[PDB]
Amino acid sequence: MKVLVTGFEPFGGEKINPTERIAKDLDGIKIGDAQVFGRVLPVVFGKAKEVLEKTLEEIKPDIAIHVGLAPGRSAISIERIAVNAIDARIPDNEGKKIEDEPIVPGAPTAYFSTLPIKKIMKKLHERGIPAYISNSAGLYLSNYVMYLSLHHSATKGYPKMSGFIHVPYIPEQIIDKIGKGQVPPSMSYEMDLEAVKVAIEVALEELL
């Protein structure tokens, strides 16, 4: 049993992206006899697809849990759906701002996450971790990778389960925001890491 967890590099002017550390912290660990692989993806259209595809083909995980930062969100959010569209509010790390363009021409308009999202949310709550189901992962890189992963599952047969989890800013990222005229919500890195571990465990238990 193999699990792939991905995170993203910093973007949008931020010095850090907490999901990058999550991926690195979880890489190489084992939950039961399941092997976990952690990989960081670039916040760049096209290149992110190349890396994701190569990683999926290399590892061939049974479960894929893609993690990303969601500025402004106040709790852990589990994405219910991936949409076949790109409409960036901001450009990617290479200055590309793609608007109204499909991710995969001719492919389904959307894919539902195949992770047991409701069970994951329930377990997180039991652990005192606020979490909810998000109905839009945006139309930037998070949705981009979420869709491609689910499409890979639908066309290649693996991973069996795929989904996306967004985390809020971590406290240290809020400091420079103060004075700039706003105080966005934040959540500790420790809670985020535990949340992802819980998601993996629940997904695994689901696959038996």
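For every residue, the number given is its place in the sequence shown, counted from 1.
Enquirer: In the PDB record, does 180 to 188 or 5 to 13 carry the higher mean Cα temperature factor?
Expert: Averaging CA B-factors over each stretch, the winner is 180 to 188.
Enquirer: Which wins on mean Cα temperature factor, 79 to 87 or 102 to 110?
Expert: According to the PDB entry, the answer is 102 to 110.
Enquirer: In terms of recorded Cα temperature factor, pick the maximum from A64, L141, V40, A34.
Expert: Within the set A64, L141, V40, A34, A34 shows the top C-alpha B-factor.
Enquirer: Going by the entry, which of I175, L69, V44, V145 has the most elevated CA B factor?
Expert: So the option with the highest C-alpha B-factor is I175.
Enquirer: Can you tell me which third, lowest, middle or highest, the CA B-factor of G157 falls into for its chain?
Expert: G157: CA B-factor falls in the highest third of its chain.
Enquirer: What third of the chain, by the recorded C-alpha B-factor, contains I170?
Expert: Middle third, going by the recorded CA B-factors of the chain.
Enquirer: Sorting the chain's CA B-factors, does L26 end up in the lowest, middle or highest third?
Expert: For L26, the deposited C-alpha B-factor lands in the middle third.
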